[PDB]
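Q: Protein chains in written order, with the entry's author numbering: chain C, 1 to 69, 74 to 129; chain C', 1 to 69, 74 to 129; chain B, 1 to 68, 82 to 129; chain A, 1 to 69, 74 to 129; chain A', 1 to 69, 74 to 129; chain B', 1 to 68, 82 to 129. A prime marks a further copy of an entry chain.
6 protein chains.
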Amino acid sequence: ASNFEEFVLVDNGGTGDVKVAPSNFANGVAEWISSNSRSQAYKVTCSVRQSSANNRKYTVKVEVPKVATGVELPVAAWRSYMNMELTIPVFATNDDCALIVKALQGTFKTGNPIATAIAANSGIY
Amino acid sequence: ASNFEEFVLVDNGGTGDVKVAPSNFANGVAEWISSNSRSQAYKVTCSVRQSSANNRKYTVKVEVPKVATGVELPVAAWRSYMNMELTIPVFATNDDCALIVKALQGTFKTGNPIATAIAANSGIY
Amino acid sequence: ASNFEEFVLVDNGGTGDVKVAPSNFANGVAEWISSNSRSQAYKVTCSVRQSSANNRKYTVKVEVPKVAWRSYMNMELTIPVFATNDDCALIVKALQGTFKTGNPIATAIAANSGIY
Amino acid sequence: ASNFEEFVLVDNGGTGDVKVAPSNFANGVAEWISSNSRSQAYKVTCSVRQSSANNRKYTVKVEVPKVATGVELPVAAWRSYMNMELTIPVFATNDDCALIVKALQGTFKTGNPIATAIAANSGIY
Amino acid sequence: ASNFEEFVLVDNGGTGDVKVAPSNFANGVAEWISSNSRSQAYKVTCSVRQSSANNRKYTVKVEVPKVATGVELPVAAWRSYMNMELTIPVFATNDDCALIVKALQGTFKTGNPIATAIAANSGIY
Amino acid sequence: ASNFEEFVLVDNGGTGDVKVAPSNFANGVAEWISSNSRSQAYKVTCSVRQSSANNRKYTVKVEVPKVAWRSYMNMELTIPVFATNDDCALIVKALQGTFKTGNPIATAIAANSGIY
């Protein structure tokens, strides 16, 4: 098998979906790039290295770009950078990992605080 | 209104769901804590500060604990720490933010690489 | 849940009760007051914060006025990290205890007296 | 004619109430404890002094212990400390006091926020 | 039970009102903004502190922006800053306040001098 | 035009209205007061002046008394030089907005409360 597949990063449901594909596997660093001009593409990198003698540490970066218009030459007016470090003890059962994943999914699920916050250029209140 | 509500962090659907609640709003730092012994609770913090003259920077931390057994005194055998920094230009329309959010949701949606990776104590392949 | 709600600070039965209400949440610090002038209002503030990496501190303050001045209450409740929900319940009951009408402390304060 | 009597500090119906009794009054600090060993006992101390020429300060402290199970030697795993300083102006009439008391009672009556929160390891929100 | 809701800051009938919503409450300063980008948004901040032992200070600030036409990148050409410090003695009753409010309202009601002048780039004469 | 005129500071309907009137113009600083003792008068002062070579500053102050003391309002409105008349109109509406009855700030102050 393989998990280094292509996948949908932005899900607008069949329409303007943003599929991102494998760019290259550098040094334990997976890279995904949406099609079209690299100059204006979403990017998602991920890599797991072993930190403490007791910890693995995933590192996921995400780059969302704003398609800049009125330049003729494709470029991004700007990009927002997501950048996270997940640490997980060696002692985690595959079952535990699942949990962890959910938690993430959770913090970001639409409707939830953090999620709604970001989506409104708003902090907490 | 208010977005500093209580919410489900782990969604097992009505059953063993992990609800986390507002602990306290420190210095622009929202804190959520699952009920029961703080010694063994999930924690989610979040805070937005203005970085560059052009950037806002959310910082979300998540702590998933492993309920340690055979101690009599509640404690965690260990905790996995999620920790992310999201940066977003001032120029983002509320519409843009939405997008960004999706992207996150995406990277972590079940079935997708990153997601499936973590959930298997596995890297990329 | 949601705790921030109007509640009765003084249970005078059903007539003259002192209901106190949400008034400010500045700095995740809950404030409640009576429907009076700030001068003549009952005030209740309450806030949690993890002090030691071993204990949490609830900090409650209640101000009581006298009309025709006010007395201050200031409590610091330290609760170890290990307290189960059930454990805390206990703790509460205890406060409840120390202050229930008819009990030394209660009766003491109420008579403007010390312990004899 | 004393007011320094034993009283139940933890009303549990009738089955296992934690009753507390006068133990010491040295240094003008009333002390009450439980029928347990000094190390495992609940403790309540109260005291009054005339701070300003206009006020009096009742100072009460309640120590709640968590009986450590499994050590043989009676002792507490940890203790929850309670500390209150009640400032009451001289001008107060007896009724005025009773009032304060009532309010005090109210503040922590079961079902009311403050009480509720403490009891669920959560902040007020 | 909040009082921190969105509200219309610029009543334009129904066709193009500038509505403003809660965005942040960090540091005890209520903030409300517009659905525009952070850079082009109207902003309203309010705060209260007990200055003297006899007074309270409401501090409100309104930022009004002039959407810059023709740059592509959303941004303000300039901003009109509004800054008020409302000192209200403790002894005030609720009605007393409402009054202040009324007066405040009056001061700037359309058709009344102060308002008129600002609105015609003239001094009072 | 001519702005300096008697106006209603407090619209209490039609009975008990607080009309305020021109009282002093010392230093091109407009003053208005109620028909009461200076102690018990409503006061409104207002003055413009070009601060930065880029902005103008209207400076309004309103004093409100309590009879049987007074609370002060102090506003500084900075308006860039480029504001068209229409632009300013907007600005005004905004103040109007921030303070209209039923709106957070308004309602907040009115309840002698903060934001919750």
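Idealized CB from N, CA, C, for every residue including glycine.
For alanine 21(B), would you say it is in contact with chain A, using Cβ-to-Cβ distances shorter than 8 Å as the test?
A: no
Q: Given that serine 126(A) touches chain C', what residues does it touch there, using C-beta distances under 9 Å?
A: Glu6, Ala21, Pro22, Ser23, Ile33 and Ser35
Q: Express the C-alpha separation of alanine 68(C) and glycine 127(B') in angstroms, rounding to a whole number.
A: 42 Å
Q: Taking C-beta pairs closer than 9 Å, name the residues in chain A that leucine 9(C') reaches, listed in chain order.
A: Think of a sphere of 9 Å around the beta carbon of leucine 9(C'): no beta carbon from chain A falls inside it, the nearest being about 14 Å out.
Q: Measuring only the C-alpha atoms, how far is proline 22(C) from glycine 13(C')?
A: 34 Å
Q: Check the Cβ-Cβ distances between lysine 43(A') and every residue of chain B', and say whether any is below 8 Å.
A: no
Q: Using the C-alpha atoms, what's the distance from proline 117(A) back to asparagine 125(C)?
A: The alpha-carbon atoms of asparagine 125(C) and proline 117(A) are separated by roughly 32 Å.
Q: Between which two residues does the beta strand (DSSP E) harbouring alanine 80(C') extend?
A: 80-93
Q: Given a threshold of 16 other Cβ atoms within 10 Å of its Cβ, counted over all protein chains shown, does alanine 26(B') qualify as buried or as exposed?
A: exposed
Q: Name the two residues that bound the continuous alpha helix (DSSP H) containing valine 105(C).
A: 98-112
Q: Under 8 Å between C-beta atoms, does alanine 80(A') make it to chain B?
A: no
Q: Can you tell which of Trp82(A), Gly16(A), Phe4(A) and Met86(A) has the C-alpha that lies nearest to the C-alpha of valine 60(B)?
A: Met86(A)
Q: Note the first and the last residue of the continuous beta strand (DSSP E) segment covering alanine 21(B').
A: Annotation for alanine 21(B'): the continuous beta strand (DSSP E) segment containing it runs 18-24.
Q: Compare the beta carbon distance of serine 37(C) and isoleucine 104(C') with 8 Å and say whether it is the shorter of the two.
A: The criterion of a C-beta distance shorter than 8 Å is not satisfied by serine 37(C) and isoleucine 104(C').
Q: When the Cα atoms are used, what is the spatial distance from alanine 30(B) to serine 51(C')?
A: 29 Å
Q: Within 10 angstroms of its Cβ, does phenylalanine 95(C) collect 16 or more other Cβ (buried), or is it exposed?
A: exposed
Q: Is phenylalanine 112(C) near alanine 102(C), with beta carbons less than 8 Å apart?
A: no
Q: Would DSSP call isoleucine 33(B) helix, strand or coil?
A: If DSSP states are grouped into helix, strand and coil, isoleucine 33(B) belongs with the strands.
Q: Going by DSSP, what residues sit across from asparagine 55(B) in a beta bridge?
A: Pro93(B)
Q: On the DSSP bridge list, what partners appear for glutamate 63(B)?
A: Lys43(B) and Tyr85(B)
Q: Where do the ends of the alpha helix (DSSP H) carrying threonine 120(C') lie?
A: 117-122
Q: Using a Cβ cut-off of 8 Å (strictly closer), state whether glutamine 109(A) contacts chain B.
A: With its beta carbon less than 8 Å from one in chain B, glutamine 109(A) belongs to the interface.
Q: Output yes or no for whether 8 Å exceeds the beta carbon distance between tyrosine 58(C) and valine 48(C).
A: Here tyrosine 58(C) is near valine 48(C), since their CB atoms are less than 8 Å apart.
Q: Establish whether the CB of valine 60(B) and some CB of chain C' are separated by less than 8 Å.
A: Nearest CB-CB separation between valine 60(B) and chain C': not below the 8 Å threshold.
Q: Got a sec: is the Cβ-Cβ distance from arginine 38(B) to anything in chain B' below 8 Å?
A: yes
Q: Please name the residue in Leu9(C'), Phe4(C') and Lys106(C') whose C-alpha comes closest to that of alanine 107(C).
A: If we check each option's Cα against that of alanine 107(C), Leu9(C') comes out closest.
Q: Using the beta-carbon count (16 or more within 10 Å), is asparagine 55(B) buried or exposed?
A: Result: buried.
Q: Go to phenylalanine 7(C'), then tell me how far its beta strand (DSSP E) extends in each direction, as first and last residue.
A: 7-10
Q: Out of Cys46(C), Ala81(C) and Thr15(C), state which residue places its alpha-carbon closest to the alpha-carbon of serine 39(C).
A: Restricting attention to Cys46(C), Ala81(C) and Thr15(C), the CA atom closest to the CA of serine 39(C) is found in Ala81(C).
Q: What do you get for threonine 91(A'), buried or exposed, if any count of 16 or more other CB atoms within 10 angstroms of its CB means buried?
A: buried
Q: Taking Cβ positions only, does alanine 26(A') come closer than 8 Å to chain C?
A: yes
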